[PDB]
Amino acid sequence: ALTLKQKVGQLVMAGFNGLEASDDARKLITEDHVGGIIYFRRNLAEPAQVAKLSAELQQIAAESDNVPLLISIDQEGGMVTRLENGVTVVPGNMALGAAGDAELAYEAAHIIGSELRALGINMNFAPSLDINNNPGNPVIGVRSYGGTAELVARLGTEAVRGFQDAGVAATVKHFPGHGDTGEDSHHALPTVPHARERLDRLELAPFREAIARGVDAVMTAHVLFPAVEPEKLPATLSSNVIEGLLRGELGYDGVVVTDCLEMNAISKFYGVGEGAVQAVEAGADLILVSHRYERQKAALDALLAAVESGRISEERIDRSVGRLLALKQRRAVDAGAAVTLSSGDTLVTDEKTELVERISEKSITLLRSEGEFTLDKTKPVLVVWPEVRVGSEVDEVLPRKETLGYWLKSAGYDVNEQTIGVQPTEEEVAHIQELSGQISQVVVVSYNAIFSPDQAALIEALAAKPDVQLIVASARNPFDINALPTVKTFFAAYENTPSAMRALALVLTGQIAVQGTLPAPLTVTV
């Protein structure tokens, strides 16, 4: 039987800094009785270290007579991963959507989940069930399978099953649906203004299908839905959205997680401590506070004070604790195993790598062409390769060794690969224009050129050179084509993963045919 402080602690999931458990992590577990830990890149160096860290955190909880921990992560696949060293880089959602095959979304998720569970991670903040029907969406993009409820539901429920079959709790996000937003809830408080009929047929549909089949957790969106909530409360803080729609109309009695409370949509308009209280009042079970210890303690203190002041009832707290304990039992989070990972070990296998390679071969999409495009192996090839230099958690600094140039080189092509910034410098732009005068076969890999004017201008400049045969292949959002009216040949790869660049190289050299279908619209749908 848990004390009040232990019950309140169960409602919080916190992050920390460390490759081994830090003093902050130790106090969160032993003194604040936190229910969960979320990992970021700072916690994840290699498989042996992660597995050791998860076992250490569980040991700290066990030896202090605390409930075993949920341990989560944002391992969505493709362009949103927190660990690539020693694990399979799996295609992401929109790459899977373009391949169109629900069975491949299962296998992709099962690889992710199998490897996570081997590292002691028992929860994943995935899959996104957001439907990216707005090509301007600045935060979802290729994190969505595509622009229709049918495709997102079909692939998304199989991803849930692949995660949970591997022993990892799936968390569908971001309820009731972040795909339409033109604004980013990291930075602002977005609104989805549409009528209930539209939410019922689009936004809500994949969440309904996931709930019907059994999903361990649902994460909310820090987004206003005036058709559901008349007050200026995002879904995370709205009893209309959570208790009313999710728990009531949709019958969901599983774990409801807030999106990160440190995001501007909450922290700037409502505050972390009072947001924590309001999230529980709205119907959430698990309060996510990913980064700052001060804000984690503020949420814990505010939740305790709210119970002690009579604002949150005893039954209400027990209700969430019951859902969290049931999930923890269901995923056998107290289970142990022999150590099988030592420093230097990898979970990558030939079989899993070749499986995801075959997925990406089905994903590459041709959006525009004027005739033959395949590279002439007897001539040099200039590859323009973009790299993220200023990062965020949606768009991370994430270096890739297996570039398009890497794969073209492995095929015997004479490649000059030039790396430039996603916002290229003036010198990089001048350097590319100069080399294009010496190498007429040019492939630009674009990377959200639709959001990077200097990148798009360079591409449009190359497209206007009559001495240049230019191919553009987008390695993040496929909507770049909307900003590139002069480009004659445009491919979408939906990510810059090793397997996507391998498949792209095979397409450009005529070794495989294009099979992908653009899974989200180039213009917003209603």
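All residue numbers are counted from 1 along the displayed sequence.
K.L.:
When the C-alpha temperature factors are averaged for each of 172 to 180 and 348 to 356, which stretch ends up with the higher value in the entry?
P.N.:
The deposited B-factors put 348 to 356 ahead on the C-alpha mean.
K.L.:
Comparing 310 to 318 with 385 to 393, which stretch shows the greater average C-alpha B-factor in the deposited entry?
P.N.:
Looking at the record's C-alpha B-factors, the answer is 385 to 393.
K.L.:
Which listed residue, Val160, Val255, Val339, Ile111, has the largest C-alpha temperature factor in the record?
P.N.:
Out of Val160, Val255, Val339, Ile111, the record gives the largest C-alpha B-factor to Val339.
K.L.:
Just the C-alpha B-factor column, please: which of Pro498, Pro485, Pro47, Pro478 has the biggest number?
P.N.:
Reading the PDB entry, the winner on C-alpha B-factor is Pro485.
K.L.:
Please rank the C-alpha B-factors of the chain's modelled residues and tell me whether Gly35 sits in the lowest, middle or highest third.
P.N.:
Middle third of the chain for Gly35's C-alpha B-factor.
K.L.:
Quick check on the deposited entry: does the C-alpha B-factor of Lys27 sit in the lowest, middle or highest third of its chain?
P.N.:
Its C-alpha B-factor belongs to the highest third of this chain's values.
K.L.:
Sort the modelled residues of this chain by their C-alpha B factor and say whether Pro193 lands in the lowest, middle or highest third.
P.N.:
Its C-alpha B-factor belongs to the highest third of this chain's values.
K.L.:
Lowest, middle or highest third of the chain for the C-alpha temperature factor of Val8?
P.N.:
Tercile = middle for this residue's CA B-factor.
K.L.:
How does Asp74 rank on Cα B-factor within its chain, lowest, middle or highest third?
P.N.:
Lowest third, going by the recorded CA B-factors of the chain.
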